[PDB]
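Have a look at the structure that comes next, please.
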Amino acid sequence: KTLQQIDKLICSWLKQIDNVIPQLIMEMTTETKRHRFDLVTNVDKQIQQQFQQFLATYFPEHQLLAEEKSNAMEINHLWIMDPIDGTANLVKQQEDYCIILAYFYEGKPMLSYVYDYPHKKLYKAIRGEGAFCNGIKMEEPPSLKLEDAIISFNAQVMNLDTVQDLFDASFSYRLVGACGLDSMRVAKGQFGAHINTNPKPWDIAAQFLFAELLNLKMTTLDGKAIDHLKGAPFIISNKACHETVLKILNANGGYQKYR
Amino acid sequence: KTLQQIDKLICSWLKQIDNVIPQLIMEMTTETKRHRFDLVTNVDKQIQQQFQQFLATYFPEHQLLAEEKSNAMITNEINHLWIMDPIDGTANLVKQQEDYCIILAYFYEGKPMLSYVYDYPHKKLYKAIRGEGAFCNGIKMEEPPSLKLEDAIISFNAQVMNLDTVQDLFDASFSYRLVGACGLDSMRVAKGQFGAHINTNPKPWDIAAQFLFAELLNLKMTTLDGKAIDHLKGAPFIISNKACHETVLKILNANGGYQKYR
Ligand SMILES: [Mg+2]
Ligand SMILES: [Mg+2]
Ligand SMILES: [Mg+2]
Ligand SMILES: [Mg+2]
Ligand SMILES: [Mg+2]
């Protein structure tokens, strides 16, 4: 059975990773992918590869869907990985990036991991036990109406009218700049909601479980329910401000650029 | 008294407020000021009170210009001046318990001699001592690498500018992030992690420390017109890497400027 043992294994792999990264930084190399803002490093690739390796060693039946490798891909043990979510923050700030890891058994979220390596905070989620930040149990956050909550989203990728209407309806706006971590601030009850209008499946894979066990909302921007295997325009939200955010997003002909 | 003796006293009084803040947080109470979003807490108040008490107890003749008390005294002619934002980022403190800081700057006859931005939630004390340099927990900071704007993240408040100039800043910049406390957003510029941070209406206490960080680490710190800033008064302000400063100002001042109405 237990997830609990697989979790001990995963957590001991993270301890391993913690000692590997300073080396990977030491010889850091930087490339761009499709455009000058789409960055990859040796850090991103080596973490992925090392889990690909871990998985082969201890879990050869298990498959891996992940950002820095091709995928293809009805699957029984699936891991989803963003080896460095927030690569732009790694490169420019050496701060505010994370590892995102999530395990799915017959489509159902079983374990989930967001590792804030720079602050040495490991958020984890385990079906049957709960969500934890470095061992302390995380509890359902207090209700947050939109009008009292801080929100996070990319303003660059939306028309300014609906950016305005979000500004007007919320307490304030902030942005960390990594899905995993803005999402975690919603979990921790510090942001009311996080939006990403075009995530990949690895950008959001761990959030399903956190959301389930901490009583958050996680949907498409049409309220629907997200296929973990493909992305979708998504939101993670306090329960008390979810409907309101989506309503504003879909108003006046939608959030899309131009207009 | 040797600044190193004064600094020893301050770092130490900042260090001890660690023991105090947790309990003040667990009894957090909140009042409003200019309007319902202009927040102040038991935390802001007690840290200021406890500093003023410290200053009376240790440098009787010095003076405190600070956020949560009136500053009618002054004016240009005071020898020993401290300026303090007891909690900068009060909104963040209330909502997140993270990304707030304490600002202090000592000025001897107008000239900044010591500066402190204490990032309490991650326990990172930033300090700058004239003659010594700038430090983060005693790890020494040096001038950052040149950052052109299109290679740089910027930080600013997108809600108080007209959405065209906002768009223009996005467009010309690598990306946008916001921490939401001036002192911390400023420090990211100081560390070279952001190319620049803008605040279009700071008070003296939101920017008091940064003068010296900027001088010692070769940053540009100016009004949104390029001129010197008078530390007794606010101005619309920027603090920047040297390579992106002119460009950010050009963008701000174009097509009637950065105000909602141009
Ligand atoms: Mg990438
Ligand atoms: Mg990634
Ligand atoms: Mg205030
Ligand atoms: Mg303040
Ligand atoms: Mg302030």
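Below, chain A is the first sequence line, B the second, and so on; all start at residue 1. Heavy atoms only: backbone and side chains are in, while hydrogens, waters and symmetry mates are out. In each ligand, atom 1 is the first atom listed, and ligand 1 is the first ligand listed.
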Please check if the distance between the ring centroids of B:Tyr126 and B:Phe213 is under 6.0 Å. no
Approximate separation, where rounding is to 0.5 Å, of A:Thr87 OG1 and A:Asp38 CG: 8.5 Å
ring-ring contact (aromatic ring centres under 6.0 Å, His included): pairs with one or both residues in residues 173-198 of chain A, sequence neighbours excluded: A:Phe153-A:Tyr173, A:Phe167-A:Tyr173
Quick one: how many protein N/O/S atoms are under 2.8 Å away from the Mg ion (ligand 1)? 1
Side-chain (B:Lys191) to main-chain (A:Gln93) donor-acceptor, under 3.5 angstrom: no
More than 12 heavy atoms of other residues, nucleotides or ligands under 6.0 Å from NZ of B:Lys148: is that the case?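 Counting neighbours around NZ of B:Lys148, 12 or fewer heavy atoms of other residues, nucleotides or ligands fall under 6.0 Å, so no.
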Heteroatom of A:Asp82 nearest to the Mg ion (ligand 2) (N, O or S, atom name):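 The A:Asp82 atom nearest to the Mg ion (ligand 2), restricting to N, O or S, is OD1.
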Which side-chain hydrogen bond (donor to acceptor under 3.5 Å, both in side chains) pairs, counting each pair once, include a residue from residues 15-27 of chain A, with sequence neighbours left out?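 Only A:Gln16-A:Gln50, A:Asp18-A:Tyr115, A:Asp18-A:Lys120 qualify under side-chain hydrogen bond (donor to acceptor under 3.5 Å, both in side chains).
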Would you please name every residue forming a side chain to side chain contact (heavy atoms under 4.5 Å, CB included) with B:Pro145, sequence neighbours left out? none
Any N/O/S atom, backbone or side chain, of A:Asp203 lying under 2.8 Å from the Mg ion (ligand 2)? no
